[PDB]
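Encoded as structure tokens, the structure appears first; notes follow it.
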Ligand SMILES: Nc1ncnc2c1ncn2[C@@H]1O[C@H](COP(=O)(O)OP(=O)(O)O)[C@@H](O)[C@H]1O
Ligand SMILES: Nc1ncnc2c1ncn2[C@@H]1O[C@H](COP(=O)(O)OP(=O)(O)O)[C@@H](O)[C@H]1O
């Protein structure tokens, strides 16, 4: 069937923090935290308050559903599982797999269908470029099981940045995509150029980790130790320099211009003091650069530090650059194609979503800008030739891609373990 | 008709790398690679990107049409096809003929005609001397078919080096003509003296493969593995010695005068180091004389080797000299005739296109010179009496050759099977 294919195509982007899902039909994707809450470490008179089915699996998942069992916990550090801390789930790590399985279930679960025609979903799934083969068969297995519980006609799985490309509708480009734990920057010429893939071991999270170590310095060590806390602080105070060293001065001589405060809870309000307005920039710049003495100051001894990690063959570089990285990405393609591929730089993901506060264009930069700056800094030659833009709706990009890709990808194509594309059926 | 014949005569040189094509009217022929892209192994939302018409044949050709589907598949070995790798298409090799047909169509396709009078092209085709009878019947069959899609009045097929004779307008001469895969050297006295035909089994391609192995030694193994890169390197750094050992010693003792760097893509730039500037000469000299311990060093163990191949009756000699081959050619004609056939040495093909870097005539040599030199080396006798020149525009010679030949070659002359000359009509 076909018209069918415009109602009943189902898209599911994973990655780190949220999991965007929903039918081809939504104007936007629903959005769900990428964590599970485990049920063992818990008082009993609230285990009865829990339906017997949900008690079955040691797992609860949901934006509101986990929201409201958070206060009565024993080990919130042991009982809260984040698989895909790094876009990748540790091969054998069982809880991590289980979370994903319920994450997979929950999402499908939100859209039951009354239509008598419905004869299954067409599920498309977006995983990190970083994602190894075992992880594909894993995700394949999950959806395989879940067709006992729901009508699933077919399932496939393209990479995340590929989806952005399909989503943008740009055949040739380099796609740099930052989410929570890392930025995968990946060149596309109709498919993922897998040797040109660079990953950075730093994402939306160092932006928190700098926020968190700033709040302690202002003197809010209370709020600091709560993640939900630092997120909205950072999301709301965070700034990106045009050049940082120039920005710092501009705010040290005119604090007033840059001071801010934001209400977290009707009771709570965080003000960034005249004393510290200038750290607002370390929040933003650290996605893009981490090479300034001022950012080096909080890695001195302070909390979760900046380093390289290794997943597949691939090494996510702790320090490098978005710039140095997009170049290194380019040097790793066919000499033939570097022209048409450096043509088009597309920024997607949460971690690039920064805005300039009205009246601050002076020295604050949005990410498209911060990046172009970085290129002219590095290669006036390239920069000139390059068109860098950011997607509208950075979170939902990888989604829209997944859904178009799921739409037309004809049903005759079977998944051939090694072609790395095509439908599976159960 | 006649003024007709100056508008609508169509020229088609084949051979190994490029196919020069175009109406008699163009100052230069169009140029198009002698390969095809086979469509089975591909991304499917990117064959939605192809005409279903061109999805018809498993084949695309086009200098740009192939260019932009090249990143869609890594290790292009099997998905890319060069028929006439050696100037001949392997007899039954089905895909090689398949390419040829679409190559044949493509070329014609580029010149649509609006004129009411047009009632057919007058097509002339250049093939290697080397080209067996089946291949003439085959190429004849091709154009026979496409006359259903295009207005084709008549067709005929002359040898490559004979076209150069006609193009040069030299009744009596030896034509040495070199492309990618081989140099054919063939004596002309109104006709091509078929017993005088010698082929060298090496062309502009060894100058690449010396480049390729030179590149690895400098330490650019990445770049070396792409054809498009090596070509551009070769073409840009390659040198022809006056005498090689005299040239090496000249660049070992003064590297600076011989170092060079060259921009491949706005990112990559390949420098030939102070250390190796002398290998630039191995690029040049290899077309002409693969007999030096230095060139023998890379045949030692290294990649695609220098050997004898065997086509029709003819053996393409791996190791021989353009000078020794020129002699041997001569020794196979009428003793009566050797005088004014050796009178005139004509140099054609891209493979001879070498230029000397301003201020290097000192020790570097263009191919006219390098050959002349090789003759006074071998027959001081011969040399003196001989005038050796290079065509201007060596790429496009064979082509003007074919158009003049197709121009005046009376239409009453039918293509007989054994006379090996005349028109077919379809
Ligand atoms: N304005 C903003 N500036 C910087 N980062 C942001 C902003 N808004 C949201 N984020 C980041 O969004 C991230 C989560 O987004 P998401 O697209 O789900 O990435 P992933 O799927 O890799 O977890 C968090 O790192 C948070 O830091
Ligand atoms: N400057 C140059 N020096 C030497 N060879 C060149 C140069 N430019 C192009 N070529 C050569 O042109 C050759 C192809 O010539 P072509 O006339 O198409 O022969 P064929 O048709 O037999 O392939 C390639 O070997 C390439 O090396």
Expressed in angstrom and ordered largest first, the alpha-carbon extents of segment B:112-155 along the principal axes are 39, 18, 14
Ranking request for peptides A:161-167, A:236-242, A:112-118, B:244-250: highest mean number of other beta-carbon atoms within 10 Å first, then the rest in descending order. A:161-167, A:236-242, B:244-250, A:112-118
More than 29 Å apart - percent of Cα-Cα pairs taken over segment A:169-392: 27 percent
Taking the label point 7 Å from Cα along the Cα-Cβ vector, the copy-to-copy distances for residue B:140, listed from shortest in nm with one decimal, are 5.3
For the protein assembly as shown, treating each Cα as an identical point scatterer without solvent, what Debye log10 I(q)/I(0) comes out at q = 0.05, 0.09, 0.10 1/Å? -0.40, -0.98, -1.09
Kirkwood radius from Cα pairs of chain B plugged into Stokes-Einstein at 20 °C, 1.002 mPa s, gives D in µm²/s equal to 94 µm²/s
For segment B:65-159, shape from the Cα gyration tensor axes a ≥ b ≥ c, cut at a/c of 1.5 then a/b versus b/c, turns out oblate
How much length, in nm to one decimal, is gained on full extension between residue B:337 and residue B:308, taken as 0.36 nm per residue of separation minus their Cα-Cα distance? 7.5 nm
Pop a pseudo-label 7 angstrom from the Cα along the beta-carbon direction at both residue A:328 and residue A:40 and give the gap in nm to one decimal. 3.9 nm
Could you check the spin-label model distance between residue B:134 and residue A:228? Points 7 Å from the Cα along Cα→Cβ, value in nm. 7.8 nm
Rg ratio (alpha-carbon, reference 2.2 N^0.38 Å) - segment B:278-426: 1.30
For residue A:274 paired with residue A:141, estimate the spin-label separation in nm (one decimal), with each label point 7 Å from Cα along the Cα-to-Cβ line. 6.2 nm
Rule-of-thumb check for segment B:153-196: C-alpha Rg over 2.2 N^0.38 Å? 1.20
Quick one: A:143, B:153, fewest Cβ neighbours within 10 Å first, how do they rank? B:153, A:143
Additional length obtainable on full extension of the chain from residue B:172 to residue B:315, 0.36 nm per residue less Cα span: 49.0 nm
For peptide B:38-46, how many partner chain Cβ atoms fall within 10 Å of a residue's Cβ, on average? 4
Once the label point is set 7 Å along the Cα-to-beta-carbon vector, what list of distances in nm do you get between residue B:303 and its counterparts in the other copies? 5.3
The residues A:142, A:326, sorted from fewest to most surrounding Cβ atoms within 10 Å, come out as A:142, A:326
Between residue B:273 and the same site in the other copies, what are the distances in nm, shortest first, taking label points 7 Å from Cα along the C-beta direction? 5.7
Of all alpha-carbon pairs in segment B:37-92, indicate the percentage at a distance above 17 angstrom. 40 percent
When the Cα centres of segment A:263-303 and segment A:208-243 are compared, how far apart do they sit, in Å? 6 Å
Cα centroid separation, segment B:136-162 to segment A:1-66 (Å): 66 Å
Using Cβ contacts closer than 10 Å as the measure, can you line up A:211, B:34, A:25 from fewest to most? A:25, B:34, A:211
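Every number in this text was worked out from the coordinates using simple rules, so none of it is lab data. A quick note on method: Cβ atoms are made from the backbone with ideal geometry, for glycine too, and the neighbour counts reach across all protein chains shown.
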